[PDB]
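Printed here is query22.pdb (PDB, N, CA and C atoms):
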ATOM      1  N   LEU A   1       2.338  62.217 231.236  1.00  0.00           N
ATOM      2  CA  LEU A   1       1.491  61.497 230.258  1.00  0.00           C
ATOM      3  C   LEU A   1       0.397  60.698 230.962  1.00  0.00           C
ATOM      4  N   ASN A   2       0.783  59.844 231.907  1.00  0.00           N
ATOM      5  CA  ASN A   2      -0.181  58.959 232.556  1.00  0.00           C
ATOM      6  C   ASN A   2      -0.549  59.456 233.949  1.00  0.00           C
ATOM      7  N   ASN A   3      -0.453  60.763 234.158  1.00  0.00           N
ATOM      8  CA  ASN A   3      -0.882  61.357 235.423  1.00  0.00           C
ATOM      9  C   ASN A   3      -2.404  61.223 235.573  1.00  0.00           C
ATOM     10  N   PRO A   4      -3.198  61.628 234.554  1.00  0.00           N
ATOM     11  CA  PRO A   4      -4.626  61.313 234.518  1.00  0.00           C
ATOM     12  C   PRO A   4      -4.844  59.822 234.283  1.00  0.00           C
ATOM     13  N   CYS A   5      -5.835  59.261 234.961  1.00  0.00           N
ATOM     14  CA  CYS A   5      -6.086  57.827 234.918  1.00  0.00           C
ATOM     15  C   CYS A   5      -6.375  57.364 233.493  1.00  0.00           C
ATOM     16  N   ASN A   6      -5.804  56.222 233.125  1.00  0.00           N
ATOM     17  CA  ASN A   6      -5.894  55.715 231.756  1.00  0.00           C
ATOM     18  C   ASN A   6      -7.197  54.955 231.517  1.00  0.00           C
ATOM     19  N   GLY A   7      -8.139  55.094 232.434  1.00  0.00           N
ATOM     20  CA  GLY A   7      -9.415  54.425 232.295  1.00  0.00           C
ATOM     21  C   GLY A   7     -10.535  55.196 232.960  1.00  0.00           C
ATOM     22  N   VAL A   8     -10.600  55.109 234.280  1.00  0.00           N
ATOM     23  CA  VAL A   8     -11.608  55.827 235.050  1.00  0.00           C
ATOM     24  C   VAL A   8     -11.219  57.303 235.170  1.00  0.00           C
ATOM     25  N   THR A   9     -12.182  58.162 235.450  1.00  0.00           N
ATOM     26  CA  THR A   9     -11.898  59.574 235.645  1.00  0.00           C
ATOM     27  C   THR A   9     -11.893  59.922 237.129  1.00  0.00           C
ATOM     28  N   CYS A  10     -10.748  60.363 237.628  1.00  0.00           N
ATOM     29  CA  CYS A  10     -10.647  60.788 239.014  1.00  0.00           C
ATOM     30  C   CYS A  10     -11.208  62.194 239.185  1.00  0.00           C
ATOM     31  N   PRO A  11     -12.139  62.346 240.142  1.00  0.00           N
ATOM     32  CA  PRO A  11     -12.838  63.614 240.419  1.00  0.00           C
ATOM     33  C   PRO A  11     -11.900  64.763 240.774  1.00  0.00           C
ATOM     34  N   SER A  12     -10.742  64.432 241.312  1.00  0.00           N
ATOM     35  CA  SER A  12      -9.764  65.435 241.682  1.00  0.00           C
ATOM     36  C   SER A  12      -8.399  65.032 241.141  1.00  0.00           C
ATOM     37  N   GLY A  13      -7.471  65.975 241.127  1.00  0.00           N
ATOM     38  CA  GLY A  13      -6.186  65.753 240.499  1.00  0.00           C
ATOM     39  C   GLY A  13      -5.181  65.124 241.434  1.00  0.00           C
ATOM     40  N   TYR A  14      -5.577  64.043 242.081  1.00  0.00           N
ATOM     41  CA  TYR A  14      -4.659  63.294 242.926  1.00  0.00           C
ATOM     42  C   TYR A  14      -4.030  62.133 242.170  1.00  0.00           C
ATOM     43  N   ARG A  15      -4.262  60.916 242.624  1.00  0.00           N
ATOM     44  CA  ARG A  15      -3.634  59.764 242.006  1.00  0.00           C
ATOM     45  C   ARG A  15      -4.644  58.654 241.785  1.00  0.00           C
ATOM     46  N   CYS A  16      -4.313  57.761 240.872  1.00  0.00           N
ATOM     47  CA  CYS A  16      -5.224  56.721 240.454  1.00  0.00           C
ATOM     48  C   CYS A  16      -4.857  55.420 241.137  1.00  0.00           C
ATOM     49  N   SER A  17      -5.528  55.138 242.237  1.00  0.00           N
ATOM     50  CA  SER A  17      -5.259  53.947 243.018  1.00  0.00           C
ATOM     51  C   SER A  17      -5.905  52.729 242.374  1.00  0.00           C
ATOM     52  N   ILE A  18      -5.635  52.535 241.086  1.00  0.00           N
ATOM     53  CA  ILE A  18      -6.277  51.490 240.288  1.00  0.00           C
ATOM     54  C   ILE A  18      -5.953  50.100 240.832  1.00  0.00           C
ATOM     55  N   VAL A  19      -4.902  50.019 241.626  1.00  0.00           N
ATOM     56  CA  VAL A  19      -4.495  48.757 242.214  1.00  0.00           C
ATOM     57  C   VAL A  19      -5.382  48.406 243.404  1.00  0.00           C
ATOM     58  N   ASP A  20      -5.752  49.431 244.146  1.00  0.00           N
ATOM     59  CA  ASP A  20      -6.589  49.292 245.330  1.00  0.00           C
ATOM     60  C   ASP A  20      -8.071  49.427 244.976  1.00  0.00           C
ATOM     61  N   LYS A  21      -8.387  50.474 244.229  1.00  0.00           N
ATOM     62  CA  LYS A  21      -9.752  50.774 243.811  1.00  0.00           C
ATOM     63  C   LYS A  21      -9.713  51.697 242.591  1.00  0.00           C
ATOM     64  N   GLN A  22     -10.585  52.696 242.536  1.00  0.00           N
ATOM     65  CA  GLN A  22     -10.533  53.669 241.451  1.00  0.00           C
ATOM     66  C   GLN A  22      -9.670  54.861 241.855  1.00  0.00           C
ATOM     67  N   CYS A  23     -10.240  55.734 242.671  1.00  0.00           N
ATOM     68  CA  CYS A  23      -9.552  56.946 243.102  1.00  0.00           C
ATOM     69  C   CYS A  23      -9.453  56.988 244.622  1.00  0.00           C
ATOM     70  N   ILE A  24      -8.331  57.498 245.127  1.00  0.00           N
ATOM     71  CA  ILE A  24      -8.076  57.499 246.568  1.00  0.00           C
ATOM     72  C   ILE A  24      -8.789  58.621 247.317  1.00  0.00           C
ATOM     73  N   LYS A  25      -9.270  59.616 246.577  1.00  0.00           N
ATOM     74  CA  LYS A  25      -9.926  60.788 247.156  1.00  0.00           C
ATOM     75  C   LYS A  25      -9.041  61.503 248.179  1.00  0.00           C
ATOM     76  N   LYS A  26      -7.727  61.424 248.007  1.00  0.00           N
ATOM     77  CA  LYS A  26      -6.816  62.073 248.937  1.00  0.00           C
ATOM     78  C   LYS A  26      -6.500  63.479 248.453  1.00  0.00           C
ATOM     79  N   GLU A  27      -7.078  64.457 249.126  1.00  0.00           N
ATOM     80  CA  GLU A  27      -6.851  65.850 248.802  1.00  0.00           C
ATOM     81  C   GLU A  27      -6.323  66.577 250.031  1.00  0.00           C
TER      82      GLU A  27
END
Written as structure tokens, how would this file's structure read?
Amino acid sequence: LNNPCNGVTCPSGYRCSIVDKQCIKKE
């Protein structure tokens, strides 16, 4: 359910590092 970010859109299907920033860009 909450795999996709509940606010910002992550460019890739990784994880939403909303605690640190937006997206971790870890691919």
Assuming the chain letters and numbering stay as they are in my file, what does the PyMOL selection byres ((chain A and resi 7-13) around 8) actually select? List them as a PyMOL selection string. chain A and resi 3-6+14-16+22-27
Please write out, as AutoDock Vina command-line options, where the centre of an axis-aligned box around all listed atoms of range 8-26 of chain A lies and how long its edges are, in Å to one decimal, after adding 6 Å on each side.
--center_x -8.2 --center_y 57.2 --center_z 241.6 --size_x 21.2 --size_y 29.6 --size_z 26.7
Rounded to one decimal in Å, what is the spacing between CA of residue 1 in chain A and atom C of residue 20 in chain A? 21.3 Å
Taking only C-alpha atoms, show chain A of the given structure as an mmCIF file, in the first residue's frame.
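So result-v4.cif came out as:
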data_model
loop_
_atom_site.group_PDB
_atom_site.id
_atom_site.type_symbol
_atom_site.label_atom_id
_atom_site.label_comp_id
_atom_site.auth_asym_id
_atom_site.auth_seq_id
_atom_site.Cartn_x
_atom_site.Cartn_y
_atom_site.Cartn_z
ATOM 1 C CA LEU A 1 0.000 0.000 0.000
ATOM 2 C CA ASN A 2 2.575 2.582 1.105
ATOM 3 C CA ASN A 3 5.428 1.315 -1.068
ATOM 4 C CA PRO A 4 5.011 4.378 -3.367
ATOM 5 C CA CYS A 5 5.708 7.604 -1.483
ATOM 6 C CA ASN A 6 2.619 9.129 0.138
ATOM 7 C CA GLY A 7 3.645 12.605 -0.965
ATOM 8 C CA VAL A 8 6.611 13.128 -3.268
ATOM 9 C CA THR A 9 7.113 10.989 -6.374
ATOM 10 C CA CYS A 10 10.253 8.860 -6.393
ATOM 11 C CA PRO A 11 11.832 8.673 -9.891
ATOM 12 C CA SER A 12 12.632 5.003 -9.386
ATOM 13 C CA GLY A 13 10.992 2.155 -7.515
ATOM 14 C CA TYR A 14 13.283 2.173 -4.512
ATOM 15 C CA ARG A 15 12.357 3.643 -1.145
ATOM 16 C CA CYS A 16 11.123 6.937 0.207
ATOM 17 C CA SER A 17 13.760 8.351 2.512
ATOM 18 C CA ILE A 18 11.265 10.981 3.689
ATOM 19 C CA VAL A 19 13.037 11.028 7.037
ATOM 20 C CA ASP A 20 16.375 11.960 5.499
ATOM 21 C CA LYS A 21 15.225 13.708 2.317
ATOM 22 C CA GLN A 22 12.890 12.833 -0.571
ATOM 23 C CA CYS A 23 14.292 9.861 -2.475
ATOM 24 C CA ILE A 24 17.521 7.949 -1.829
ATOM 25 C CA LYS A 25 18.232 7.311 -5.526
ATOM 26 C CA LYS A 26 19.558 3.878 -4.550
ATOM 27 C CA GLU A 27 19.304 1.611 -7.563
#
